[PDB]
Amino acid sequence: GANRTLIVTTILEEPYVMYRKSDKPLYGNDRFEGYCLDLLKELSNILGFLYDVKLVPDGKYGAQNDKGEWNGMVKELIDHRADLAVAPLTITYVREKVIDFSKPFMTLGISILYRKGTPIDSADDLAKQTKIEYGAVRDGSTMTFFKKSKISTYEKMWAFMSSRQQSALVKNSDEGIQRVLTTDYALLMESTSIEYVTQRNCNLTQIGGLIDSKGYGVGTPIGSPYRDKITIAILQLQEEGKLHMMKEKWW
């Protein structure tokens, strides 16, 4: 019979996945544009699948509690409510306990999103002072990096972000960018995103360099044939310069 349509879990994040503006209503995948949708169209054609894009209901990437229970897109994959997660989702060893990733299609690191023309030049500068609040998206890999760090400065930063985490952690990056613009708040954010945001907001900058180095990959349930298949299709797109043309379009 015809191929079962894949369910693709994703999350709203500029410029990876965004709502298309329209006079008329938009249904299905047509609700959506961005780097990840173009990626998905390419993967969809090289491998030949139809797909349904579903936004993760809780709107989170995925972190685990102390009982080993996950949420976000990670959970959607574990529980087979999705075949693939195609989003700016960080490949990490922790998540590899429970899901698979394709090889990476983009590389990145954690850095700071803050405002231009300040004394603040680094992580040490942020941790040491008081007036500027800082944190990360709740239940994403940046928050998890700090929560697990044994590095003395980052441990202090997690204590602060964790010492009332209701003021410091943000539900999403967009919520995150507002505090930046509005309050004295510095947002711990992935460099790919920081790049995009500052080309589009001229009061905003990256601060310091990368504090780590990671990749985004396509997520699958553990053992899925689509993992190796998507690794192969991503290599093809690298060969074709097609991922590069994708990045130039959206950034």
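The first residue of the shown sequence is 1; numbering continues from there.
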Between 51-59 and 194-202, which has the larger average Cα B-factor in the PDB entry?
194-202
Taking only the CA atoms, which stretch has the higher mean B-factor in the record, 208-216 or 25-33?
25-33
Can you tell me which of 120, 157, 98, 89 has the highest Cα temperature factor in the record?
120
Highest CA B factor of 153, 144, 71, 167, as deposited, is found at 167
The third of the chain into which the C-alpha temperature factor of residue 124 falls is the highest
Tell me, lowest, middle or highest third: where does the Cα B factor of residue 79 rank within its chain?
middle
When the modelled residues of the chain are sorted by Cα temperature factor, does residue 138 land in the lowest, middle or highest third?
lowest
Residue 187's Cα B-factor: lowest, middle or highest third of the chain?
lowest
Select lowest, middle or highest to describe the third in which the CA B-factor of residue 178 falls within its chain in this entry.
highest
